[PDB]
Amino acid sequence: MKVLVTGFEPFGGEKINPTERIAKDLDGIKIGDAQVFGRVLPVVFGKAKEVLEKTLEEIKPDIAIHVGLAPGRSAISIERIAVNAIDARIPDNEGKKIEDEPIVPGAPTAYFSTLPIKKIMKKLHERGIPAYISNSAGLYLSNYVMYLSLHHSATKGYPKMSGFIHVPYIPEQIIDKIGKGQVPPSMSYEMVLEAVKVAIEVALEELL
């Protein structure tokens, strides 16, 4: 069994992206007999697609769990659906602001995550990790990768399971925000990392 976990590089002026650290921390670890691969994706349309496709083709993971930062969210959120659309509120790390455009022309308007989202949420709660199901992953890079991953699965037969998980800011990211007159919610890095590991474990169990 092979598991692919992806994270994103910093974006929107943020100095760090905790999902980048998650991917690096999980890369190379084994959970039982399952091998985990951690890869960092660029927050750039086009390039992110190239890297994602190459990685999927290279590793051919049975399970793909894409992780991203959701500024302002107070708990772990498991995405229920990926939408075939791009409508960026801000430009990507290359200064491109795509608006009202499909991700894959002619493909389904949406794809449901194939991760066992309800079982994952339940296990997270048992571990004392606040989490809920999100019905919109946005229409920026997180949704972009989520959709392409699910499209790959529907078109190529793998990965068997694919989904997206958004995490809150970690505490250290809030420090300089306080001066800007506002304090968004945060969650410890340790908890965010464990949440992803739990998702992997539940997926492995639910897979076959």
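Residue positions are given as counts along the sequence shown, with the first one as 1.
Averaged over their C-alpha atoms, the temperature factors of 63 to 71 and 28 to 36 are higher for 28 to 36. Per-stretch averaging of Cα B factors for 127 to 135 and 89 to 97 places 89 to 97 on top. Among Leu141, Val183, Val167, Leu148, the highest C-alpha B-factor recorded in the PDB entry belongs to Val183. Split the chain's modelled residues into thirds by C-alpha temperature factor. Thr155 is in the highest one.
Sort the modelled residues of the chain by CA B factor and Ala23 lands in the middle third. Among all modelled residues in its chain, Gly46 ranks in the highest third by Cα B-factor.
For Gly179, the recorded CA temperature factor ranks within the highest third of the chain's modelled residues.
Annotation for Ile120: CA B-factor lies in the middle third of the chain's modelled residues.
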